[PDB]
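Before any questions on binding or motion, here is one chain by itself as C-alpha cells, the form deposited in one PDB entry.
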C-alpha cells in the first residue's frame, strides 16, 4: 500500500515545525559539491516532499534548516550538512542521526541505508536505496513519483524509529555516546571534509616524473636479470620467472599460483639479485600508482584541494575510515614514500601544518584497563616501553638491552595489543612457535595484570556476548563460543583488542570535540584537517603556532583521565612532511 504525502509546490509554515524527520537526498556516493535530488519532511502535521530547487531557494526553509532550535531527525546528517555547505547553507539542530544510532547499537550490522536500520526493529515499510537507485552503471535517480515516495518513506521510518533506537541506546548506556560524542563529532568531520587539504600538484607531478624514470631503470634491470621481459605485475607471470626460470625456493604459494608478497621475497633476496629489484620496483610502483597518479585523480582542478569523506559508521572498533582519497594511509615509514607528504600544504598564505599525536595511547590504555602495576609504573616514569619490555622478558638491565632485543620486545608488544597468538608472533619475528610462546609466557610473567585482563576479557565476551570500550562502545562477539578453534581464536583476539583500539578511538574523538570548543573560545583561525587514529593534523596562521603548541597537546592529554598519564607529541612546518 502506498504512503500518503503532500507533493508540495511551495514551502508552508507547517512544514517548519519544531521537530521533524528530514531527508535531504544526495544520491552520488561522494557528496562533495553533489546535487541534492529531493527533500522530504515528516512531522506532526504530516508528510511532505519538496523539490530542492524550490525549497533551497525559500528563505523560510533555509532559515528553518539553520535554526538550531528546530530539531531534525535524520540518517547520515553529515552527508546532507556537507552537500548543503557546498551550497552555502547551514544545517543545524540535528538531534538524532539514525545511521550513528544504528552503528552504535551494532557496528557489525553494516547498516548503510535507512532500510537496513529499520529492519533491526522489524520495520520494513521502506525500500533499500540500492533497490530504488540501482547500482554502479545502472545507478540513477528515478522519476519524481517514485523518488518522492521513497524519500517520504525514509523520513517516515526515521520519524517512527527514533524512540525505539534511543530507548535501546539508553538501555545499553550508550545514550551519551550518541548525543555527546558521535553526533557532535559528525559536525566536526563535515567541517574537516568541507575544508579539504590543499595539494601542491606541481610538486606531485615533479615526483611522479622522477619515479617514472626510476621505475624504467629498475624495470630494465629486472628484464636484464630474468633473461627476458614480462609483466612484473602479474604475481603469476612473476611466479613463473622466479620459481621456474630462476629456480628460487617456493616457501609460499597462492590459492592460484605462487606467493610473491614482500615477506616472501625478503627471504629469497639472498639467492638472486633480481629479487631486490622486484622489491624496489614494488615500492616505486606503489607510490606511482596509488600516491601520485591516484591522488592527482581526486584533486579538485579549481582549488587543488582533496576532500576525503570520513566514514564514521563503518569500523567494528569505533575508528573512522577515510576514502577518496584515503588520507589515513599516506606513506611515512620509508623516506622515499614519506616525500609524498611534501605535496600536502596549507590552504592559505603564511599558514603552516601542525600535527599532534599520542605517544603509545594503546599501551597506555591497556595499562589503565588491565591495571597492571608494572605497566602503569613504566608509563608513570615515561619509559621507552619497548626497551622496558625487553628488560623484563629477557631479564637484563637497560644497559644490556641490545637493538635486537628491543625489536623483538616491540613485536611482542604489538601482538599483545592485537590479541596475542604464538603463531602470529612466530610469523612476525620469523621464529618458531615454541620460541614465540616462550616470549609470550615471559611477558605474562612480567605483566601479570595484563595476563589476568586477557583471560578475564575473553571470559566476559563469552558471558555477556560482547565487549565494550571506555565510553561504552560495544562489539558483539558471537564466534567467541565457536567450537572451531580458528574461528573462536579470532573472536578471542577481537575481545582482547577491541577494548584497546576502541577506547583509544573514544579518547581522540572526545579530544576533537574538546579541541574545537577551545579553538572557538579563543577565536583561533586554526582548524582540524585530518585525524589519523592517534593523531590530529590542523593548519593555522604561522602566528598561532605558539598558542597551538600549548593548546593542542593539553586538550588531547586531558580528554580523558586514566590511571596513567596521556602524553602528546607535536610538530609543525611548511608541509605535512615537515610536521611529521
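Whichever C-alpha set is largest while still superposing within 1.5 Å between the two forms counts as the rigid core. Residue numbers count along the first chain shown, from 1.
Below, we turn to the form deposited in another entry, even though it does not appear here.
Yes/no, residue 403 Cα shift of 2 Å or more between this form and the one not shown with rigid core fixed:
Not so; residue 403 is displaced by less than 2 Å.
Honestly, after the rigid core fit, is residue 276 moving at least 2 Å at Cα between this form and the one not shown?
Yes: residue 276 shifts by at least 2 Å between this form and the one not shown.
Note on residue 254-residue 494 C-alpha separation in the other form, which departs from the shown form by 3 angstroms or more
More distant in the other form, by 3 Å or more.
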